[PDB]
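First comes the structure, then the notes that go with it.
Cβ sites come from the backbone with ideal geometry, for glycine too, and all protein chains shown count toward neighbours. Please treat every number below as a calculation from the coordinates, not as lab data.
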RNA sequence: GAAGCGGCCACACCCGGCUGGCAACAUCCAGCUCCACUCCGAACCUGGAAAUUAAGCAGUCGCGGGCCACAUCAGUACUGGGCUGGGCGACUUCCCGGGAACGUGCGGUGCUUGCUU
């Protein structure tokens, strides 16, 4: 699964300019090798720094201070569809920044039908309950939340104990 | 510094100003022979040296035209590989590589080969 990464890179020393500016990029990738390639894509596209003349100094893996508790996450992104580019601010409720970013790649591929090639994120950050403005996620920050589990599952409690017959009929009611 | 002989052949060209002539280059003065104008000593040619730096030439100036140089322009345009990627199609995301031009910004405007007073 995706892991947040911070990558810092720089161009090689020329004799004209030793110690140039380095540059960092936040990237989301399954491992350290992919995170380099996402850095070289963003560095080339914007800051004009190529693979063929540049170091890459530190792939830092961002682990969470606490994954124990739930946070809100605003995600400002652009996504591209044929004939136009759209800017969207979408937000999510999750244990971590990565799990929010993994959610929206599924949600955009679901709802809008665009892949991670076309998508380009601007900003992820955690956000307080006061500044949060979207109604369907604001309801989970309130107190006294009840919802029932209408439609129970029929699965095996362990994969040994599955069966394709039954005497009694299963009840799939919420209760 | 000036002159003959040249090398790379505009950072040297083209328009217009200003400052210099000790010798040197030149304008300039004259026309008899050499010879010269399909007419003309204007040119070419020959013999001068009175007076000038006005012109050529030399140096220098211009928010000058052009030329040259670096940086931006731009990781743009285009492009070599790869996908049972997308798309009715036309075309085009993405992955591994290469990478312009015009324009604009600031700078510059000849550097010296061998012989001679």
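Computed from label points 7 Å out along Cα-Cβ, the spacing between residue A:131 and residue A:31 is 3.6 nm. Compared with the dominant Cα axis of chain A, that is its longest principal axis, helix A:32-45 is turned about 60°.
Using only the Cα atoms of the range A:17-115, build the gyration tensor, take square roots of its eigenvalues as a ≥ b ≥ c, and label the shape rounded, prolate or oblate: rounded if a/c is under 1.5, else prolate if a/b is larger than b/c, else oblate. All intermediate terms of the calculation are to be shown ahead of the outcome.
Numbers: a/c = 2.44, a/b = 1.35, b/c = 1.80.
Oblate.
PRE reach from residue A:87 (point 7 Å along Cα→Cβ): which of the range A:32-50 fall under 17 Å by backbone N? So the set is empty, nothing qualifies.
Rg to Rh ratio, chain A, alpha-carbon atoms and Kirkwood radius?
Working: Rg = 22.4 Å, Rh = 20.0 Å.
Computed over Cα atoms, the ratio is 1.12.
Using the rule -39500 (n - 2.57) for each DSSP H run of four or more residues, divided by the residues of chain A, the 222 nm mean residue ellipticity is -5500 deg cm²/dmol. Determine the distance separating the Cα centre of the range A:64-136 from the Cα centre of the range A:46-61; give it in Å without decimals. Each part's Cα centre sits 26 Å from the other's. Report the residue, chosen from A:108, A:150, A:132, that carries the largest GNM mean-square fluctuation when chain A is represented by alpha-carbon nodes joined by springs under 10 Å. Result for chain A, Cα springs under 10 Å: A:150 fluctuates most.
Working from Cα pairs under 8 Å separated by at least six residues, relative contact order for chain A is 17 percent.
If you stretched the chain out fully between residue A:19 and residue A:1, how much longer would it get, using 0.36 nm times the residue separation minus the C-alpha to C-alpha distance? Intermediate results must be reported in sequence, preceding the final value.
On the way: separation 18, 0.36 × 18 = 6.48 nm, distance 3.57 nm.
Full extension of this stretch gives 2.9 nm more.
Going by a ≥ b ≥ c, the root eigenvalues of the Cα gyration tensor, does the range A:106-166 fall in the rounded group (a/c under 1.5), the prolate group (a/b larger than b/c) or the oblate group? Please list the in-between numbers first.
On the way: a/c = 3.18, a/b = 1.50, b/c = 2.12.
Note, shape of the range A:106-166 comes out oblate.
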